[PDB]
Amino acid sequence: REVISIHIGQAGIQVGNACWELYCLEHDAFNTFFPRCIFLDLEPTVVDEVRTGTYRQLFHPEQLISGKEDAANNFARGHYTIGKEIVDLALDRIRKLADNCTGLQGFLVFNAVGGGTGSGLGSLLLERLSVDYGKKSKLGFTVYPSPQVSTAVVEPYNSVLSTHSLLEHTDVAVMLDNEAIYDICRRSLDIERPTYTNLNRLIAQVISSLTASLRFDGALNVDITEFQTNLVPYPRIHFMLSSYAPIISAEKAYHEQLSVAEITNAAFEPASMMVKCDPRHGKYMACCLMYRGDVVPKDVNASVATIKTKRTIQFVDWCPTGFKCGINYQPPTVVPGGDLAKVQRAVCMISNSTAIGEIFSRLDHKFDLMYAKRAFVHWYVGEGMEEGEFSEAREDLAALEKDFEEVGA
Amino acid sequence: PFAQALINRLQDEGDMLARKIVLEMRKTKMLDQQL
Amino acid sequence: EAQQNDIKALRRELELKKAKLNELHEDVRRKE
Amino acid sequence: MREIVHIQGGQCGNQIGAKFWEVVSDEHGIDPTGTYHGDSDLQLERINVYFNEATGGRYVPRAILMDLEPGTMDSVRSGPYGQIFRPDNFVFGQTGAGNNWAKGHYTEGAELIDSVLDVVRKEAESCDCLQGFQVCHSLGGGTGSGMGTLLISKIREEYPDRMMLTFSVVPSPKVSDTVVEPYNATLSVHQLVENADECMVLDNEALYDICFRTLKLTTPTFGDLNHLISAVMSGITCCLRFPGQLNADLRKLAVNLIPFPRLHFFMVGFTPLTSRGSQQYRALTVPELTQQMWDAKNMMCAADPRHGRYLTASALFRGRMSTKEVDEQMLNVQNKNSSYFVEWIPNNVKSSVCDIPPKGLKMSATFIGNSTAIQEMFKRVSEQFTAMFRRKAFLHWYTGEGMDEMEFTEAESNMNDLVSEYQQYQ
Amino acid sequence: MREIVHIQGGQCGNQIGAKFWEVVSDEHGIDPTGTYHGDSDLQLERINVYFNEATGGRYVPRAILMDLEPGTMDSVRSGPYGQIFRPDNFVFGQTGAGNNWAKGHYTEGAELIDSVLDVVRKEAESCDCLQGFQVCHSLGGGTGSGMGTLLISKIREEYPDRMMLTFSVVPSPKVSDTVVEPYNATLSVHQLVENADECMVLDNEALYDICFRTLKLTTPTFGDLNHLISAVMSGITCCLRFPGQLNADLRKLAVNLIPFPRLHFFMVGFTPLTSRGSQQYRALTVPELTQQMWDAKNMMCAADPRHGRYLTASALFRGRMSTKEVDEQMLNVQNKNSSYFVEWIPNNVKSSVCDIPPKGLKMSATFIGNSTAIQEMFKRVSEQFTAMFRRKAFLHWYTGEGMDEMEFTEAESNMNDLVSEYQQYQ
Ligand SMILES: Nc1nc2c(ncn2[C@@H]2O[C@H](COP(=O)(O)OP(=O)(O)OP(=O)(O)O)[C@@H](O)[C@H]2O)c(=O)[nH]1
Ligand SMILES: Nc1nc2c(ncn2[C@@H]2O[C@H](COP(=O)(O)OP(=O)(O)O)[C@@H](O)[C@H]2O)c(=O)[nH]1
Ligand SMILES: Nc1nc2c(ncn2[C@@H]2O[C@H](COP(=O)(O)OP(=O)(O)O)[C@@H](O)[C@H]2O)c(=O)[nH]1
Ligand SMILES: [Mg+2]
């Protein structure tokens, strides 16, 4: 059993540069990863940093795909003009990666929707993967732009135009912001001046905690097909809040008494979500709890009972059994230079609720304001688009808002 | 010459800004009761 | 020369008023 | 990979470019004799963006000097970093225009523009993936403005997809060297609005004012002013030459700062800029760089941005810094000074971080604000232009060369409709 | 965290502040270069209150020098610890007021005070949590009194919820350096009673008396007077910089010593202050500090408190001491001389101890008493003001600048009702 990982863009392969560092440091159990990867980007600067880095010999030279020139924060450019010449080479490699494989669980894609490469050719890669395989799962861990913290200007245009394909192509989509992670590193990790490297290190922790069930034998294992049923009650509602516990420094960890009861609680407070949204406004549709390390089924069982009996958070009226647990034996590993201390046990929670319906509504106004005056539209239209797909992507998010409001009732 | 028109533009703009400043003072004074 | 003084006085007043307006806007955002 | 061909025109262009190639050659560690002598590995892998390996480690710049008077060429060849250019690239007329835009655009350009195009073509296809061209000229002179402007139009006809940067200085009445400044600048802008991709506006008032107030220089010759302009140009294309935590090429900045195709005139600033006596009395943090960036008395144009609103803004950072501090600082200035920014555009600030500082510094920054205060100069110019043209001063020096009255009226028309669209979007 | 921005005005302010920054920097172990060279880790914990780290151990003082003649600015940069101030904090006019309060408050202030305000804003926003501002100036001169008082009024309407100390020497007939001293003192005090949170009265007469008897100095230049004043300022704000068994901050002192919003004029003394001939014969215990503290011939004003009544009093102790001894000594001096204290307030003395002595001594103390005898100065000054103003002496230098006659009558009324209102609570 193996699962291969695709990384797109400046954000994608930097996340991968930390994720693969953790995989090699963690390791027959290796068979699911050893790498079965592909980096691809339009700007050669970040890929060729890997080609000369410490992991020169680790990656086969062909694997590291690199175009000639960047899409430059332009969804249309990275989806219609420049994507068309590189995407064919990428997926015609990924095929022979799958032919190397025999028991493919799925693919997992890493991209940020704000940019052009992460968004544009992300969706383009996804569309040819869906028509080629269809049944095989493709987990997409995307990075959406934050409400108030922002680096680009045209990112609302990109985020809406990317989402229109992220609905019906990916199977399980995990949101991740930058402000929420910045807040996590500021609050729990007490790092007052964080950079992208620290963000990517703890993103890898989440990925590792949800594939450790395939790699190592636990008391209750869970495959990628399991998330497919247990968390998405409707074919078009797959957008997951993420959380992790205990995110804790090296000194505080020894002082505190980490156990199963309190980390099940800590994984539920909005002070520890990976996406800037308040689930107090929403109702939980389903929850999924990956437990790693020193876990007996009793205290995880007792912990979900206390959550259900609390009234600070509510569930939908549909699910009395609104949980999916999972226990694995091997504890989480640490990276030298990393900030997370060694813990006997950790919890990665992936939920689904209606709080996500707020982020789309928040997104709508920013896109709406700019589009009404036709700001920046001339860049995308001359690239090959029209006014049709702007308006039609707009009404797709309008439908999604009504959808969440209907299901939440 | 052209400064005569500049004084008109600057005078009218300053007066309109006072109207915006006035309305905003009522807004903050309205929220302070609700708090 | 007179009209020049009028220009350099109206802009300074305009500038002070714009700064006050920003303060009021900031307070509304924090209070909301 | 990505390639930048350099083109310099006129006296202003040649001397600005001379200081430019001095600082770039030092950044890549190339000696005045043309051979590599740097220390870090990082300085080798991205010199093809600016140089060509000839033979025996001879790295010659990819530049084209262009003028009509030999004084500038000989002064270029005389000084250091003068023996690094290929003598075939010194394309050079002989008669001279002399502050007559008509000479540099219809009569004398007609016999030089053929030779420059031959050199720039052979120099363009020599490299594989062109990123764009980079022009440095003026708008007051004749052989800089007129010939350089005509070269811009011909280049955009041949290569319509490739990028185009223009560092152009504009005349101001407080520093007025020639008498026919309005006649030249107005006609030059008429061609810039339709031909260039983006124009980073400069001026001598702000440059002299900057060296007085902030730098506190005593005798600011053209060397120091050209040194400042070169530091801006190195900062704008540091992303191609060095790896960073967030990259932003030329096209990336262009699409994030230009909301409408005719709105492509920028203001520029460089930080940090401190006096030599106070260089050790300061920290080097991101907030300090931001306070010096958003100061209105720090733009390198004589147009106060607080006289209007910013449409967009850009900040290219260099150095080991935390991206969170970058975004928090940009958000902070976006909330406190809410009236100076446009409302129907949230996020008026694009940011980027490169990992290699300029030589000698720890952390630097470059600001490019596309504001609506730039329209004051166009009005500040058009009022002078009408003052002459109401009464046909100096007009015959251009009329007997080919321009008719419709050309000047067209230049007034384009200037007037432009200032209305900046006023519209404010 | 708790922070004090320092402001020095006029010639009097500049020498006082100069000797002050030497004393504090020497306490924190910073050499004239401005780099850290101390040993104890305790000295580094609380340098955010007065300094900013620049780079490589360089600590810059959080002070602003403000004057009108460059003689004082150059005399500051010449002396030791002169190279530590940031040269941009030397905000500075050029013409000179010259002992004319109207010139200091209406003509030259109107173009310098915007500049000094802008520096203060940067210095206030550069830090996080303001504790207060600290202004040192005189009341006889013009560039200190009128400009400094305008600065006080402008700042108080900007940050109204923060404390503010002002240390002001006041004129007296026995030390009469200028001729218009009362015309300056009366108008300055009128503004201080309505703007400043608390004032600390000083005078040059008492300082000369201290240097004669207690110090027994041969040649008391201004350096020694500024030395005494600096020791007082360091002593009062020692609590924020060092931990102790009973800490008392500036706001804690203000609310404990000011019973009514207009009664905020204090007389200050410092101990131990002994000559080198008798410093060898002395002992260091709490009673010897108190009976030298509460001596009338040790106050730094020419207002003998036994000619009035004490409202409240305060003592700030420094050094490893026993708090029982501190409290019983305050109890003894209040029970014996019960008549000198106010009757409707028991336990008139606020006391505090800090565990870091100044360098060169083992144990020290600092006394701040809010008596009612301060009215001797108000009557003593107002009669000289009346003696000239009944006859319109020197008036035209004030009148011809913008001031009219009702300003003097209003100032007379407010000073006169103030001494009347001190007398009623007496
Ligand atoms: N978590 C995380 N996010 C990143 C990182 N680098 C970039 N991003 C995000 O990526 C978004 C912009 O896209 P980029 O990845 O930088 O660039 P791109 O997706 O390759 O698109 P192009 O610039 O056209 O090449 C920004 O909003 C960032 O939030 C990173 O290292 N870690
Ligand atoms: N910054 C800078 N400006 C210059 C320099 N030389 C000329 N200028 C400006 O250029 C304008 C005149 O341009 P000119 O040299 O006549 O252009 P040309 O005749 O077409 O080559 C004047 O306003 C000068 O201020 C220089 O070396 N540096
Ligand atoms: N303690 C002290 N007082 C001073 C010093 N220099 C001047 N003075 C006092 O300042 C008063 C005159 O004020 P002046 O210096 O002219 O104030 P300015 O002109 O406003 O700056 C005199 O009464 C002096 O006692 C000094 O070095 N120490
Ligand atoms: Mg990118």
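Note that Cβ sites are derived from N, Cα and C of the backbone, with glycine treated the same way.
DSSP assigns E:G142 (GTP binding site) to coil in the three-state reduction, outside any helix or strand. What Swiss-Prot records for E:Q11, E:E69, E:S138, E:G142, E:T143, E:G144, E:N204, E:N226 is GTP binding site, and it gives similarity to another entry as the kind of evidence.
According to DSSP, E:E69 (GTP binding site) sits in a coil region rather than a helix or strand. Counting only same-chain residues six or more apart in sequence, the Cβ atoms lying under 8 angstroms from the Cβ of E:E69 (GTP binding site) belong to E:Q11, E:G96, E:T143. Residues annotated as Mg(2+) binding site in Swiss-Prot, with similarity to another entry given as evidence: E:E69.
Taken residue by residue with DSSP, E:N204 (GTP binding site) is part of a helix. E:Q11 (GTP binding site): 19 other CB atoms within 10 A of its CB, across all protein chains. With a CB cut-off of under 6 A applied against ligand 1, none of the binding-site residues E:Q11, E:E69, E:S138, E:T143, E:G144 are retained. Counted within 10 Å of its Cβ, the other Cβ atoms near E:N226 (GTP binding site) come to 22, all protein chains included. Counting other CB atoms no more than 10 Å from each candidate's CB, the binding-site residues E:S138, E:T143, E:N204 peak at E:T143. The Cβ of E:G142 (GTP binding site) lies under 8 Å from the Cβ of E:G10, E:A97, E:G98, E:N99, E:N100, E:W101, E:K103, E:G104, E:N184, each of which sits 6+ residues away along the same chain.
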